[PDB]
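Listed next as C-alpha cells is one chain, alone, in the form deposited without its partner chain.
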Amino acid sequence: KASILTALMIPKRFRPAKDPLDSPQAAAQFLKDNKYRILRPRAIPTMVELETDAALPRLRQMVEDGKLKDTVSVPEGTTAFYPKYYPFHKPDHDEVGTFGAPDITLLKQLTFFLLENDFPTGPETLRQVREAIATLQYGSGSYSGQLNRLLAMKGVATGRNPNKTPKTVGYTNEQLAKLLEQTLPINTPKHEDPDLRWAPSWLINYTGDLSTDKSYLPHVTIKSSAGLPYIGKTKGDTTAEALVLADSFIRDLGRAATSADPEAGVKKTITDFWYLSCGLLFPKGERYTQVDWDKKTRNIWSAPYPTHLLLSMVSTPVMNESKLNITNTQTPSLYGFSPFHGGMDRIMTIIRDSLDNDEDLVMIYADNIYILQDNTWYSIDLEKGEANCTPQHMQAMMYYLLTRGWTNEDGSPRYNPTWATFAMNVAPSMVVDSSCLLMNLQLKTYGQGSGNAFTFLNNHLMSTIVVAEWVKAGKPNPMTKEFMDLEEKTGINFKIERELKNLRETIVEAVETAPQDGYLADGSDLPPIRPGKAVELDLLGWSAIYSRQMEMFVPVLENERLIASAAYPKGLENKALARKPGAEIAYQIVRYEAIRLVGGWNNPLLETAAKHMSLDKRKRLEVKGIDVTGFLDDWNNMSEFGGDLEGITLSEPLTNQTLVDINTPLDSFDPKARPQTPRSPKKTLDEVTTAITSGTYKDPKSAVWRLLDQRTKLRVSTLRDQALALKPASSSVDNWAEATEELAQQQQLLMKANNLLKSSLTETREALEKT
C-alpha cells in the first residue's frame, strides 16, 4: 500500500562540481596567482579562398577528376584575430548522461553469476568492480583539472628539480647518438623512400591510375583535430590546406636561409607562421578519480596539422623500418613490442636467463624504465615525462635521426640544407617550450607538448639519459638515495611505480600454481576455478600468466586496468557509426569480447558474466535475422583494445582456440640468435657509458655529421654559409667527401668567433613569441 501521490508519480552517478575556473578571467587570475607564464596573445589572419590548382599545382589532375575540392582556405586575410578554443568537458555539473556511464548492467550480471558460482576470487572481483564504479569516472575532466595539470607540468620543469639540457648534464649530440644506437637502434628509411628534399605536396603521385597512385607522405588520423589555424575542423576537412601551409613554411624557410639577410628572413617566416608552434589544449578522455576530478585532467597538446606533417616526414620513414626491440634484437628498447604472438614468453625467457646468470637487466619504452636487479623487478616512470623535455633534447633526437637514419651507404646525407634547417634549427622550438591555447589564453608550454609526433622519441631519449647515468653510478638499487640523486644529476624527475620482490620465487609460483582446468590449461572453453599467480610486471600494462597447455607465459591486462575498463567502458564515440542499425549491439558484443580477450578470460566471474552478455546479444541477432558481421570483422576501430589485437575477427564467439591463436609465435625463440644493433653491433650500453665517462665520442668523425652538430651552435645569420658547407655532400658532387672535410674544417675555425654562437632554438622561440 502506497499513497495516491506516489501512485500518480548501486553507487549513485558522479556529478562534477561547478567549475569556478570556467571563464578566461578566473583562469588567467588563477595562473597569474600561481606564477604560470601567459604569453602576450598573437593574432591569425582571416581565411581567403585560393584556387587549389594554383596553390597545389602537383594536384591539378585531382581537381580536374573532381576528386579534390577546387578551392583552399588559407590565412591571408587583411584582418587578424585572436584564436579561441573551448574544449568539451563531460560529464559536467549540468549534464550527467550516457557519456561516461558506468556499466551497471555488467555489475548486476557479476552479482547474479557470483550467487550461482563458487569462484574463490569472485567476491574480490565484484568488490573491485563496485569500488571502481563508486570511485572512478570516465570522461574529459574540467577546466580546473586542465589548469591544475599545467601547474604540475610547470613544477616538474622548473620547481624542485629544474630541467637540464643534455649539454648541462655533460653529453654532446654525438655521445647521445652513441647511447641511442644501443637504446633506440634504427635502420635508415627504404632506399625507394624519398629523401628530405621536397615540399610535402611533391610526395603525392596522382594521375587517376589506381595501380600507380601513391602518397609517400605519413598516414594520418582523418577524424583527429586539424589544430591551428583550423579550430573546429578535422584533418579530413583540411588536408589540402595543411599541404599548402607545410609547403609554404618549408619553401619560405629555405629561401630565407640562403638570402642576403638569413636572420631577418628566418625570423619573419617563423613570426608569420607562429600558430604552427601553438597546440590546442585538448582534455584527454580517461578514467579519472572522482575526488581528484578538478585537480588533474591530462592534456593532449593538439599540434597544428602542417607541423605534424613536417615532423612526421622526418620520424616515420625511419621508425617504420626500426621495429627493433629486446625480443628480436640485443637492445634494452621495447619499441614496437607486442606481448601477443609469443612476445610475453620471449620477455619471460630473457628475465629467467638474467636471473639464472645473476645479471642485471634494463628495458626502456619512452618514459618507462624497467630494471631487474637484486632478484627484484622495478617499474620506473619519468614524473610527467613530457615536462622534463628541453628543446635541446629534441634537437639531439633530430641529430640522431639525421645522422643514423637520413644517411646513404657512402655517408652522404639524405637531406638538403632546407630540411637540415627545419629539422635542426626550427622544429625543436615549435613543439618544446612553445605554447598552447585554452579559451582565448595563449599559455606557455613547459617541456614538450604531449601528443606531438616526437613525444615517444623525446621521452625515450630522456629515459636513455637516466639509464646511462644509472650505469655510470655503478647501477645503484632503485630504492636507494644514490638512485634518487640521478634526478638532480639529469634534471629529469622520476619515481618508482612498482617494486616486485622475490622475482625468481614469484616466477616459480606462477608456473606451479598454473591451473589444470580451463582456458590454456586443459584447453576447455571455461575460465579456471582458481586462476594461477600472475607475474605483475606492468610491462606496458601487461602481467604474465603461465599456460600449461602451451607451456609458455601469456599476457593478461594488469588487473587494475582490466577492472577500470570493465567498470567504465569507452562508448562508441563515432556519431556516424552510432546512427547505423545494429552498431550499438555490435559495439556491446565487441566491448564484452575484447574485455575477455585482454585478460577477462582468466577472471572466472568476469569471464562468466561477459560471455553470457555477448552470447545473449548474438542469440538475439540470430533470432531477429540481423547481420552485424561487418562491424564484428572491423571491430578494432570500435574498441580501446583494437590496436592490441590486429588480424583477429569477433564474428565468431571467443573460445580456447582464439586464446591459442593470439598467443601463437611465428618462430621459436633463442635469445642468443637475436641480431646485434645495426650500429656499433658488438657494443653494449655499458661499454658506451664507459667510453663516454672517459671522454670519447665528443665529436663525430664524419664531416657531414660535424656540420650537423655545428648547426646546433651557430646563429641563424650563418645559415647561408652553412648551406654552402653542406651543398657538395647534399648534391653528391664528384669528390664531395674531401670538399665536405675542407668546408667543415673552415666552419670549425670560423666558430672561434663567439658573436656567431647562439642557439637557433632560442632565436626561433623569440620570433614565435614576437608581438
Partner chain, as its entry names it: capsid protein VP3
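Numbering follows the first chain given and starts at 1. The term rigid core refers to the most C-alpha atoms you can superpose between the two forms while keeping them within 1.5 Å.
Colleague: Between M9 and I10, what class does the number of missing deposited residues fall in: none, 1 to 3, 4 to 9, or 10 or more?
Modeller: Missing residues, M9 to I10: 10 or more.
Colleague: Can you let me know which of the two, 204-212 or 594-602, has the higher average C-alpha B-factor in the entry?
Modeller: Per the PDB entry, the higher value belongs to 204-212.
Colleague: Between 740-748 and 44-52, point out the one with the higher average CA B-factor as the PDB entry records it.
Modeller: That would be 740-748.
Colleague: Considering only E512, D538, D667, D522, which residue's Cα atom bears the greatest B-factor as recorded?
Modeller: Of the options given, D667 has the highest CA B-factor in the PDB entry.
Colleague: Between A673, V432, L334, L180, let me know which has the highest C-alpha B-factor in the entry?
Modeller: Top of the list by C-alpha B-factor: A673.
Colleague: C-alpha B factor of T480, ranked within the chain: lowest, middle or highest third?
Modeller: Highest third, going by the recorded CA B-factors of the chain.
Colleague: Using the B-factor values recorded in the entry, state whether the Cα atom of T327 falls in the lowest, middle or highest third among the modelled residues of its chain.
Modeller: Its C-alpha B-factor, which the entry lists for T327, ranks in the middle third among residues of this chain.
Colleague: Select lowest, middle or highest to describe the third in which the CA B-factor of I270 falls within its chain in this entry.
Modeller: For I270, whose C-alpha B-factor we compare with every modelled residue in the chain, the answer is the middle third.
Colleague: Once the chain's modelled residues are ordered by C-alpha B factor and cut into thirds, is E497 in the lowest, middle or highest one?
Modeller: Its C-alpha B-factor belongs to the middle third of this chain's values.
Colleague: Which third of the chain does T629 land in by C-alpha B-factor: lowest, middle or highest?
Modeller: Its C-alpha B-factor, which the entry lists for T629, ranks in the highest third among residues of this chain.
Another form, the form deposited with its partner chain bound, is not on view; read the next lines as being about it.
Colleague: Any of the heavy atoms of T629 lying within 4.5 Å of its partner chain in the bound PDB entry?
Modeller: Because no heavy atom of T629 falls inside 4.5 Å of its partner chain in the bound PDB entry, the answer is no.
Colleague: Can you check whether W198 is within 4.5 Å of its partner chain in the bound PDB entry, heavy atom basis?
Modeller: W198: yes, in contact with its partner chain in the bound PDB entry.
Colleague: Within a 4.5 Å heavy atom cut-off, is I250 in contact with its partner chain in the bound PDB entry?
Modeller: Contact with its partner chain, yes.
Colleague: Is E192 near its partner chain? Define near as a heavy atom within 4.5 Å, in the bound PDB entry.
Modeller: Yes, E192 sits close enough to its partner chain in the bound PDB entry that at least one of its heavy atoms falls within 4.5 Å.
Colleague: Given that its partner chain is left out here, which of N205, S259, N574, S354 has a heavy atom within 4.5 Å of it in the bound PDB entry?
Modeller: Checked against the cut-off, the match is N205.
Colleague: Within 4.5 Å of its partner chain in the bound PDB entry, heavy atoms considered, which of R548, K617, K296, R414?
Modeller: Only one listed residue qualifies here, and that residue is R414.
Colleague: Can we say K90, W301 and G451 each have a non-hydrogen atom within 4.5 Å of its partner chain in the bound PDB entry?
Modeller: Answer is no for this spot.
Colleague: Would you mind picking out the stretch of 552-560, 270-278, 251-259, 220-228 that comes within 4.5 angstroms of its partner chain in the bound PDB entry, counting non-hydrogen atoms?
Modeller: Among the candidates, contact is made by 251-259.
Colleague: Might you check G97, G695, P581, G643 and identify the only one whose CA position changes by 2 Å or more between the shown form and the other one on rigid-core superposition?
Modeller: If I go through the list carefully, the shifting residue is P581.
Colleague: Classify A260 as shifted (yes) or not shifted (no) between the shown form and the other one, where shifted means its C-alpha moves by 2 Å or more with the rigid core superposed.
Modeller: No: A260 shifts by under 2 Å between the shown form and the other one.
Colleague: Core-aligned, is the CA shift for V291 between the shown form and the other one 2 angstroms or more?
Modeller: After core superposition, the C-alpha of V291 moves less than 2 Å between the shown form and the other one.
Colleague: After a core superposition, would you say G625 shifts its C-alpha by at least 2 Å between the shown form and the other one?
Modeller: Shift of 2 Å or more: yes.
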